[PDB]
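Here's the letter readout for the chains.
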Amino acid sequence: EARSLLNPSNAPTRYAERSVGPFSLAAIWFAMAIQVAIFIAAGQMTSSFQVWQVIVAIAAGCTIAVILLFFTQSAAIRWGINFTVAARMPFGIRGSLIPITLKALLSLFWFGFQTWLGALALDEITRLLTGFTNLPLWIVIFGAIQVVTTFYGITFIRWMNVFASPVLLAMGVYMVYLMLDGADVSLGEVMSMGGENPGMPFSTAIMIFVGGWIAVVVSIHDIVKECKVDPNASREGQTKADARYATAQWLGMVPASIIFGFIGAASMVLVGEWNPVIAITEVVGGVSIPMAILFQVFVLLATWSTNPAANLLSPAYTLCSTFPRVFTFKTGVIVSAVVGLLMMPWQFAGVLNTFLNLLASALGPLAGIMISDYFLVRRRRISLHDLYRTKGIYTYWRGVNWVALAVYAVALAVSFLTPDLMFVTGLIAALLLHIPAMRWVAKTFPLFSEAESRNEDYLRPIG
Ligand SMILES: [Hg+2]
Ligand code: NA
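Residues numbered from 1 in each chain as written, not as in the entry; some residues may be left out. Chains lettered and ligands numbered in written order. Heavy atoms only, no water.

Method of determination, as annotated in the archive: X-ray crystallography, at 2.85 Å resolution.

Peer 1: Residues and numbers for empty space enclosed by the protein, please.
Peer 2: Tallied over the entire structure, the rule returns five cavities of 30 Å³ or more. The calculated volume of the largest cavity comes to roughly 160 Å³. Forming the walls of the largest cavity are 15 residues, and the residues nearest its centre are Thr72, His221, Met370, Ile371 and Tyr374. For the lining of the largest cavity, the elements supplying multiple residues, two or more each, are α3 (51–72) and α19 (364–377). No other element matches α19, which puts six residues into the lining of the largest cavity. A breakdown of the residues in the lining of the largest cavity according to their chemical character gives 12 nonpolar, two polar and one charged. At the level of elements, α11 (214–217), α12 (221–224) and α16 (307–322) are the ones that each hand at least two residues to the lining of the second largest cavity. Take the lining of the second largest cavity: its biggest share by element is four residues, from α16. Within the lining of the second largest cavity, the residues separate by chemical class into seven nonpolar, two polar and two charged. (1 Å grid on protein atoms, 1.4 Å probe; cavity = no way out; pocket = protein on both sides within 12 Å on 5 of 7 lines; lining within 4 Å. Points joined across faces, edges and corners; volume = space filled by probe spheres on them. Helix = DSSP H or I, 4+ residues; strand = E, 2+ residues; numbered from the N terminus. Nonpolar A, V, L, I, M, F, W, Y, C, P; charged D, E, K, R; others polar.)

Peer 1: Give me the lowdown on the coordination of the sodium ion (ligand 2), citing residues and values where you can.
Peer 2: Within the first shell, the sodium ion (ligand 2) binds the protein through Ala31 (O), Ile34 (O), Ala302 (O), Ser305 (OG) and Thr306 (OG1), at distances of 2.1 to 2.8 Å. In primary sequence terms, the donor set of the sodium ion (ligand 2) follows A-x2-I-x267-A-x2-S-T. Accessibility expressed as a relative area gives 0% for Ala31, which makes it buried. The exposure class assigned to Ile34 is buried, which follows from its relative accessible area of 1%. (Donors = N, O, S within 2.8 Å, 3.2 Å for Na, K, Ca; no water. Buried < 20%, exposed > 50% of the residue type's maximum accessible area, 1.4 Å probe, protein only.)

Peer 1: How would you sum up the pattern of salt bridges? Please name residues and give values.
Peer 2: Summed over all chains, the structure comprises seven salt bridges. Between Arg381 and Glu452 there is a salt bridge, and its shortest N-O distance comes to 2.7 Å. Taken together, the residues span a long stretch of sequence, with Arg381 in the loop between α19 and α20 (384–387) and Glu452 in the loop between α22 (422–441) and α23 (455–459) at a distance of 71 residues. Overall, the relative accessible area of 40% leaves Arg381 in the partly exposed class. (Salt bridge = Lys/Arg side-chain N within 4 Å of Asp/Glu carboxyl O.)

Peer 1: Please set out the layout of surface pockets residue by residue, giving values where relevant.
Peer 2: Approximately 400 Å³ is the volume attributed to the second largest pocket. Residue lining of the second largest pocket: 21 residues in total, with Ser9, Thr13, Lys225, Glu226 and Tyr317 positioned closest to the centre.

Peer 1: How would you sum up the state of the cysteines? Please name residues and give values.
Peer 2: Taken as a whole, this structure holds zero disulfides when the rule is applied. Not part of a disulfide, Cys320 finds its nearest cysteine sulfur in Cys227, a span of 19 Å. (Disulfide = S-S within 2.5 Å.)

Peer 1: Help me get a handle on the environment of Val339, residues and values and all.
Peer 2: Along the chain, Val339 falls in helix α17 (residues 329–342). Note: C-alpha distance between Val339 and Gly153 (186 residues apart in sequence) is 19 Å.

Peer 1: Explain a positive patch on the surface residue by residue, including any values.
Peer 2: A cluster of basic residues, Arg3, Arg94, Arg325, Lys391 and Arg398, forms a positive patch on the protein surface. When you line up the elements, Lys391 lands in the loop between α20 and α21 (402–416). (Patch = residues over 30% accessible without salt bridge, like charges linked within 9 Å, V, L, I, M, F, W, Y side chains within 5 Å. Areas by Shrake-Rupley, 256 points an atom, 1.4 Å probe, with all protein chains shown as cover. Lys, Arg positive; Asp, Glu negative; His and termini not counted. Charge placed at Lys NZ, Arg CZ, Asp CG, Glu CD.)

Peer 1: An account of the side chain of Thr306 is needed here, citing residue identities and associated values.
Peer 2: Structurally, the position occupied by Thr306 is in the loop between α15 (289–304) and α16. Within the structure, the side chain of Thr306 is placed 2.7 Å from the backbone oxygen of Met32, a separation counted as a polar contact. When residues no more than four places from it in sequence are discounted, the contact partners of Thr306 are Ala31, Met32, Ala33, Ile34, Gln35, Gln114 and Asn311. (Polar contact = N/O pair within 3.5 Å; in protein donor to acceptor, adjacent residues only side chain to side chain. Contact = heavy atoms within 4.5 Å.)

Peer 1: I'd like to hear about α3, residue by residue, with values.
Peer 2: For α3, with 22 residues, the first-to-last C-alpha span of 32 Å sits near the 32 Å given by 1.5 Å per residue. Looking at α3, one finds that the buried residues are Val51, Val54, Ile55, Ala57, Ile58, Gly61, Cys62, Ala65, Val66, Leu68, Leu69 and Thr72. (Expected span 1.5 Å × (residues − 1).)

Peer 1: Describe the packing of helix α1 (residues 22–33) against helix α8 (residues 153–183), naming the residues involved and giving the relevant values.
Peer 2: As a packed pair, α1 and α8 sit with axes 8 Å apart at the nearest point and diverge in direction by 60°. Classed by the angle they form, the pair α1 and α8 counts as oblique. When the axes of α1 and α8 are compared, the crossing they make is left-handed. Residues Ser24, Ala27, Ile28, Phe30, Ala31 and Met32 of α1 pack against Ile157, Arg158, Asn161, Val162, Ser165 and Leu169 of α8. Residue composition of the contact of α1 with α8, by class: eight nonpolar, three polar and one charged. (Axes fitted to C-alpha atoms, helices over the stretch in contact; angles between N-to-C directions. Parallel < 35°, antiparallel > 145°, perpendicular 65-115°, else oblique. Left-handed = near helix turned anticlockwise from the far one by under 90°.)

In structure tokens, the structure reads:
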């Protein structure tokens, strides 16, 4: 009858195997939010609003991201499953491969972009000690270092981000000090220096910060399937569990991204550049070789706390989980970091900036259909047995659910009627159409299964 798709890497993650509680998850989100993108974003916003408003658009954009997390993360915590595996539910066991390929492409692209910034940094550090300046060699060596620390999966991420967090927070508070002092300006003064060219709606501002988390929010499964759960909660104890985790991510990502957003904005407004390295250099009138090396140790420490967890984890699990007898987790990581780099993406980001903003916001229906299938349609009632099997209640028409790929198409179109909010309209649209679409497919294929009684077999302790 049915081929088995289970292997030790892509198997649900047992209660006894879980290792990330609520404080640690905040400490991962604190180090995961400090990274280049937010200097650029918050810097360019000072053109349309003043610095204090940029801080508010950031806190607001941070908060909408968490309300979405509360919903997209809930199934992964309870049942210990993948992103790639969980998509099998609404789209087919094979039909899921379409949107997931969309998503694995973004992730792989950005992995090579950030691998690049890391290389620039190590390369700046070496030639400021040796005049030696080879970049392509330093690219590879870094791609390589990340791969080897990612082999330890969430064990490394979590220990590395907990020790990085405080170092980064201090390197950052010193940074604000060097600036304010050297420009001779109080904090309150800089807080209103922007916004001399209004025009952009404040709503579209918030949407620019949320649009930086999208791809991570649409697939946290790959991190949070590792969080601690009490199997014996209730509808209401499970809900507080969901809420306690969403709260931990909030206290982690807000104060981190508010402090560093402010640094990017201040640079623009004091000196005309979003990059604090340059801006502090001017304001202070040159700096010693040590304190320079510092700036570069920072950039490197900030990339390592973001790249692996956000960009490399998820294509790894897609490989070892679609070709389960061909790839394993450790092996999928090696193939992803290689494909990522042979796209040599650091040369098309300039061009493609606008193309990629489209591809990202075209995951709105993907997030919308998955929240709806699991919460509204199935009522949290799922069958692990069938997710790991070629022929079961998730096979639909020969592996693909054409009605769901249709709800996807229709919703992406409706999405275009509202360009500055594309992502959020497509999600809301996909969410609502899936309901009637799914009560129709259900007349032909069943929505629940008997084998769902083996669910606890996958998780509980063996002996
Ligand atoms: Hg944010
Ligand atoms: Na980081």
